[PDB]
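Letter by letter, the chains look like this.
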Amino acid sequence: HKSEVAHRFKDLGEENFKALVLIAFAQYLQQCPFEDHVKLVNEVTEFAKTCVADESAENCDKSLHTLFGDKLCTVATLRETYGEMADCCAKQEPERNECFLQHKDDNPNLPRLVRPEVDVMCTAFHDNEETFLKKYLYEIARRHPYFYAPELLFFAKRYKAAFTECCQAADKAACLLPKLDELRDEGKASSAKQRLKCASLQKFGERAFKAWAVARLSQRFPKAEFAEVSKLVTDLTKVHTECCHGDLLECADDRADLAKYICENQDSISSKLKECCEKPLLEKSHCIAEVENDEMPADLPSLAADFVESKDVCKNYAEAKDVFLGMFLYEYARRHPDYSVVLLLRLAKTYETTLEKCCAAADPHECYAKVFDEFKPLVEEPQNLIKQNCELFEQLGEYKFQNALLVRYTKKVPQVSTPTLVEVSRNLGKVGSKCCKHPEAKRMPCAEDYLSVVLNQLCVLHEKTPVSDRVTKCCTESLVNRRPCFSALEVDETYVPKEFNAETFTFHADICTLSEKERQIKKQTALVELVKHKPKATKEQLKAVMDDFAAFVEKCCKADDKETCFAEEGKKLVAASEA
Ligand SMILES: CCCCCCCCCCCCCC(=O)OC[C@@H](O)COP(=O)(O)OCC[N+](C)(C)C
Ligand SMILES: CCCCCCCCCCCCCC(=O)OC[C@@H](O)COP(=O)(O)OCC[N+](C)(C)C
Ligand SMILES: CCCCCCCCCCCCCC(=O)OC[C@@H](O)COP(=O)(O)OCC[N+](C)(C)C
Ligand SMILES: CCCCCCCCCCCCCC(=O)O
Ligand SMILES: CCCCCCCCCCCCCC(=O)O
Ligand SMILES: CCCCCCCCCCCCCC(=O)O
């Protein structure tokens with residue numbers, strides 16, 4: 001249409017318009033102060049209206065990329081503050097915006113945002129949330145310059161919802177802290193999931209991304225015929241591509257295009273999309289990616305007919321192989337929402353290998369007549385692994401559970417950072433606590449999601465500075481093999497325990513006045529070093545020693561005097577436990 005500026009304002013809404021404009025500028029001009037942006041966001045919302053009023057107002061017919069670009073190159077401290085970047089202004093069109101895109105900083109050099117106190121948070125809220133919420137939005141925006149504007153928008157309107165319901169409450173913190181934490185982790189398990197969709201696209205290939213796409217998409221839209229899922233896949237993949245590139249506009253659009261094709265052919269695709277395609281343009285796509293598994297036609301056969309028995313199997317393969325291996329995955333995938341995508345993938349890898357050896361051969365029919373056998377062991381592993389993993393967690397709490405994982409993944413790899421062996425140890429915890437709260441039916445997919453991010457923030461931290469091969473081997477490995485590879489570590493015979501240095505195992509009264517989280521971390525931390533010291537430690541020598549540090553805290557951080565309770569009663573463990 002006529003002037004893209006009005007098209008956007010009218011259909012997005014002055015409100016949303018500002019939010020996204022704020023974000024968009026904040027994602028590029030990471031250095032400039034919040035107050036600056038506010039001035040931009042109005043100077044622009046004020047201009048925009050000029051078209052929402054008579055779209056043929058000077059400059060309205062310009063392209064948003066030209067507009068966006070033109071006003072960047074208007075900032076002033078552009079060079080003084082950005083430099084290199086000021087140099088895109090002398091370039092051009094297509095080239096000017098692309099130039100700008102190459103200069104946004106993955107890892108910004110700002111401080112960690114401290115989370116102030118419920119009280120000031122509240123007080124500042126009731127107060128003008130405009131700038132309570134816009135500033136914090138601005139803050140998150142610049143620290144994560146690649147996060148999808150509209151989505152960051154959606155988080156925010158929940159962070160808004162959050163203060164709404166707690167700030168006006170009895171005991172505030174109690175209400176909100178949980179929520180806030182929950183919204184926090186929610187965002188990392190989204191930031192990282194967004195940064196993983198891409199690497200995997202660049203590392204393993206377009207074929208791989210598609211494979212995954214057909215899998216996940218079928219499980220979700222099981223009554224959609226293959227050619228449909230197939231069409232939805234090619235689109236996704238492209239969508240997932242221009243988005244990884246990072247051109248927030250082209251990205252947004254595609255997602256909208258694909259968003260509304262689906263909307264316009266739901267009968268072919270799904271039912272459960274009724275209540276999402278009634279949403280406004282901005283959410284259409286998000287709502288959908290989050291839609292819920294559609295139901296199966298139940299009456300559905302068995303993959304045996306089409307993939308083992310017939311004849312022509314070998315022929316239908318050769319005749320264009322991915323189509324085939326795709327169909328295979330489709331069918332297998334749609335009949336098993338309860339499997340995590342990568343598991344259907346080895347099923348595919350497995351099957352693939354099998355032909356490939358089989359159609360090359362004396363008698364294929366009898367050569368592969370029996371793969372489904374090769375599948376059972378694959379499917380059963382993660383099922384046993386989740387079963388007894390959620391069972392162990394049923395006994396011990398999140399806390400006592402981590403501590404299990406803590407010892408376990410230290411003996412298997414005591415080279416790694418202690419703080420790291422602690423971070424991940426817990427993150428795992430939460431995953432247990434999360435996804436064990438589901439039923440078998442939805443257990444595995446849910447783990448793959450999280451486990452897949454956690455079990456990576458762990459790699460990069462290890463890519464930061466290497467410490468093990470095994471950990472580095474399981475990290476170079478394929479997204480498909482990455483998991484088992486970990487679930488297949490054994491405990492480091494080679495090593496020699498760490499070197500007694502006590503200043504460690506010594507706990508001054510500090511631990512009385514600390515918080516729930518911190519107390520546990522100081523405990524878990526020593527929990528590790530201790531294992532790092534006496535690696536061959538038993539599930540019973542430990543349990544004792546641990547029951548000892550207990551009632552030692554109970555102790556010291558209790559009866560009248562503290563402060564040397566710990567100290568005298570302290571050393572009465574240090575050497576004290578050693579047996
Ligand atoms: C409708 C607009 C309302 C205002 C929008 C901004 C509200 C957000 C308020 C944030 C206030 C708290 C800041 C803080 O201390 O948070 C710690 C954050 O770093 C946690 O960030 P998250 O929102 O969990 O992650 C969003 C960024 N991700 C998803 C790219 C990682
Ligand atoms: C030091 C790094 C630790 C790596 C973890 C080792 C690999 C296995 C970790 C066990 C998981 C413990 C957390 C938990 O309580 O959940 C149960 C998990 O075992 C379930 O995960 P999986 O069934 O492997 O997830 C399915 C992912 N698959 C299907 C692609 C393997
Ligand atoms: C060389 C040997 C020195 C021994 C001390 C050095 C490291 C100590 C090793 C234990 C590390 C802590 C283990 C852990 O992760 O949690 C332990 C806690 O659950 C202890 O229970 P608490 O509730 O703190 O104690 C309560 C006391 N009660 C149970 C008697 C009431
Ligand atoms: C299997 C879910 C298919 C949903 C297709 C909706 C496509 C909208 C854009 C896709 C981006 C969302 C990423 C995701 O679904 O994980
Ligand atoms: C001057 C800049 C105006 C910029 C407005 C950016 C608009 C983004 C609209 C995004 C529509 C997204 C649809 C989707 O994500 O599914
Ligand atoms: C159109 C997609 C065809 C899917 C082919 C099924 C074979 C299993 C794929 C497993 C992931 C492959 C990883 C890789 O290619 O290195």
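Calculation notes
Residues numbered from 1 in each chain as written, not as in the entry; some residues may be left out. Chains lettered and ligands numbered in written order. Heavy atoms only, no water. Residues with missing side-chain atoms left out of burial classes, pairs and counts. UniProt positions renumbered as here; feature names shortened; annotations may be inferred. Helix = DSSP H or I, 4+ residues; strand = E, 2+ residues; numbered from the N terminus. Contact = heavy atoms within 4.5 Å. Near = heavy atom within 4 Å. Polar contact = N/O pair within 3.5 Å; in protein donor to acceptor, adjacent residues only side chain to side chain. Areas by Shrake-Rupley, 256 points an atom, 1.4 Å probe, with all protein chains shown as cover. Nonpolar A, V, L, I, M, F, W, Y, C, P; charged D, E, K, R; others polar. Disulfide = S-S within 2.5 Å. Buried < 20%, exposed > 50% of the residue type's maximum accessible area, 1.4 Å probe, protein only. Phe/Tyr/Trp six-rings, centres within 6.5 Å; stacked < 30°, edge-to-face > 60°. Axes fitted to C-alpha atoms, helices over the stretch in contact; angles between N-to-C directions. Parallel < 35°, antiparallel > 145°, perpendicular 65-115°, else oblique. Left-handed = near helix turned anticlockwise from the far one by under 90°. Core = buried A, V, L, I, M, F, W, Y, C linked by side-chain atoms within 4.5 Å. Domains from an automatic or database assignment. Expected span 1.5 Å × (residues − 1). Salt bridge = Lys/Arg side-chain N within 4 Å of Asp/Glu carboxyl O.

As annotated in the PDB entry, the protein chain is Albumin from Homo sapiens. What the PDB entry is called, per its title line, is "Crystal structure of lysophosphatidylcholine in complex with human serum albumin and myristate". Looking at the Sequence similarities heading of the UniProt record, one finds this comment for the protein chain: "Belongs to the ALB/AFP/VDB family."

Caption draft 1: Structural view of the overall build of the protein chain. Scanning the protein chain from N- to C-terminus turns up 28 helices and 0 strands. Contacts in the protein chain between residues far apart in sequence, at least 24 positions, make up 69% of those at least 6 positions apart.

Caption draft 2: Quick look at the site of ligand 3. Around ligand 3, 16 residues are found, and the nearest of them are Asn-403, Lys-523, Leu-527, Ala-550 and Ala-551. Here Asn-403 contributes a side-chain N or O atom positioned 2.7 Å from an oxygen atom of ligand 3. A distance of 2.3 Å is found between an oxygen atom of ligand 3 and a side-chain nitrogen or oxygen belonging to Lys-523. Within the complex, the protein chains bury 76% of what would otherwise be the 810 Å² of accessible surface of ligand 3. Contributing elements (two or more residues each) for the shell around ligand 3: helix 21 (398-411), helix 26 (516-533), helix 27 (541-556) and helix 28 (565-574). Among the elements that make up the shell around ligand 3, the one with the highest residue count is helix 27 (5 residues). For the shell around ligand 3, a count of residues per class yields 12 nonpolar, 2 polar and 2 charged.

Caption draft 3: Structural context of the state of the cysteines. According to the stated counting rule, one finds 17 disulfides in the structure shown. Linked covalently through their sulfurs, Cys-122 and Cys-167 form a disulfide whose S-S length is 2.1 Å. Between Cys-122 and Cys-167 the disulfide shows an S-S torsion of about -100°. By sign, it is left-handed. Of this pair, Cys-122 sits in helix 7 (residues 118-126) while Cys-167 sits in helix 9 (residues 149-167); the two residues are 45 residues apart in sequence, bridging distant segments of the chain. Classification of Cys-122 as buried rests on a relative accessible area of 3%.

Caption draft 4: A look at the packing of aromatic side chains. In total, this model carries 25 aromatic pairs according to the counting rule given. Taking the centre distance of 5.2 Å and the plane angle of 90° together, the rings of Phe-372 and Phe-375 count as edge-to-face. Within this pair, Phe-372 and its partner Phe-375 are both found in helix 20 (residues 372-395), separated by 3 residues, close to a single helical turn. The exposure class assigned to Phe-372 is partly exposed, which follows from its relative accessible area of 28%. Plain terms: the ring middles of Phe-500 and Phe-505 are 5.7 Å apart, the flat faces sit at 80° to each other, and that makes the pair edge-to-face.

Caption draft 5: Region of interest: the packing of helix 12 (residues 226-245) against helix 13 (residues 248-263). The geometry of helix 12 relative to helix 13 is characterised by a closest axis approach of 8 Å and an angle of 165° between their N-to-C directions. By the angle between their directions, the pair helix 12 and helix 13 is classed as roughly antiparallel. The way helix 12 lies across helix 13 gives a crossing that is left-handed. Contact residues: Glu-228, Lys-231, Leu-232, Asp-235, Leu-236, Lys-238, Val-239, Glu-242 and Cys-243 in helix 12; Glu-250, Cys-251, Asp-254, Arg-255, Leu-258, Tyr-261 and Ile-262 in helix 13.

Caption draft 6: Layout of the nonpolar core. One finds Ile-23, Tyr-28 and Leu-29 to be the most contacted residues of the largest nonpolar core, which totals 42 residues. Among the secondary structure elements, those contributing two or more residues to this core are helix 1 (4-12), helix 2 (14-26), helix 3 (34-54), helix 4 (64-72), helix 5 (77-82), helix 6 (93-101), helix 8 (130-143) and helix 9. It is helix 2 that provides the largest number of residues to this core, a total of 8 residues. Structurally, this core is a two-domain feature, drawing no fewer than three residues from each of domain 1 (4-101) and domain 2 (118-188). With near-sequence residues (within four places) excluded, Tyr-28 lies in contact with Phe-68, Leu-72, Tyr-82, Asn-97, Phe-100, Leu-101 and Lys-104. Core analysis: the second largest hydrophobic core is formed by 30 residues, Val-407, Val-422, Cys-485 and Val-531 among them.

Caption draft 7: Expanded view of unusual backbone geometry. The residue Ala-298 is not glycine, and still its phi comes out positive at about 55°. Within the secondary structure, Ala-298 is located in the loop between helix 14 (281-289) and helix 15 (304-309). A relative accessible area of 65% means that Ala-298 is categorised as exposed. Despite not being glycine, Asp-312 has its phi angle at roughly 95°, a positive value.

Caption draft 8: Fine view of the UniProt feature "binding site: Ca(2+) 1" in the protein chain. Following the UniProt record, one finds the feature "binding site: Ca(2+) 1" at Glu-4, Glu-242, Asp-247 and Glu-250. Not counting chain neighbours up to four residues away, the residues in contact with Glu-4 comprise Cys-60, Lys-62, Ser-63 and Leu-64. Relative to the assigned elements, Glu-250 resides in helix 13. You can call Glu-250 partly exposed: its relative accessible area is 43%.

Caption draft 9: Highlighting helix 11 (residues 206-220). For helix 11, built from 15 residues, the straight-helix expectation of 21 Å at 1.5 Å per residue is met to within 8% by its first-to-last C-alpha distance of 21 Å. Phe-209, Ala-213, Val-214, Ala-215, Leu-217, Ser-218, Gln-219 and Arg-220 are the residues of helix 11 that are buried. Those residues of helix 11 hidden inside the fold are in contact with helix 10 (172-203), helix 12, helix 14, helix 17 (321-334) and helix 18 (341-358).

Caption draft 10: How the structure looks around the UniProt feature "binding site: (4Z,15Z)-bilirubin IXalpha" in the protein chain. What UniProt calls "binding site: (4Z,15Z)-bilirubin IXalpha" maps, in this numbering, to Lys-238. Among the secondary structure elements, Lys-238 is positioned in helix 12.

Caption draft 11: Region of the structure containing the site of ligand 1. In the region of ligand 1, 14 residues are neighbours, and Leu-133, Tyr-136, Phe-147, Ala-156 and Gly-187 sit closest. Backbone polar atom of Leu-183 to an oxygen atom of ligand 1: 3.2 Å apart, as the coordinates give it. Between ligand 1 and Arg-184 there is a distance of 3.3 Å, counted from an oxygen atom to a backbone nitrogen or oxygen. For ligand 1, whose unbound accessible area comes to 810 Å², protein coverage reaches 88%. Those elements that place two or more of their residues in the shell around ligand 1 are helix 8, helix 9 and helix 10. Each residue belonging to the shell around ligand 1 can be placed in one class, and the counts come to 9 nonpolar, 3 polar and 2 charged.

Caption draft 12: Focus on the domain arrangement of the protein chain. For the protein chain, the domain assignment lists domain 1 (4-101), domain 2 (118-188), domain 3 (204-289), domain 4 (304-382), domain 5 (383-487) and domain 6 (509-574). Taking the mean C-alpha position of each, domain 1 and domain 4 sit 52 Å from one another.

Caption draft 13: View of the pattern of salt bridges. The final tally for this structure, using the stated rule, is 26 salt bridges. Note that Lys-430 is salt-bridged to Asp-185, the shortest N-O span being 2.4 Å. Here the residue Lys-430 occupies a position in helix 22 (residues 418-433), and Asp-185 occupies one in helix 10, the gap between them amounting to 245 residues. You can call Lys-430 partly exposed: its relative accessible area is 35%. Looking at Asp-185, the relative accessible area reads 23%, which means it is partly exposed. If you follow the salt bridges from partner to partner, you end up with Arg-115, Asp-181, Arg-184, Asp-185 and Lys-430 in one network.

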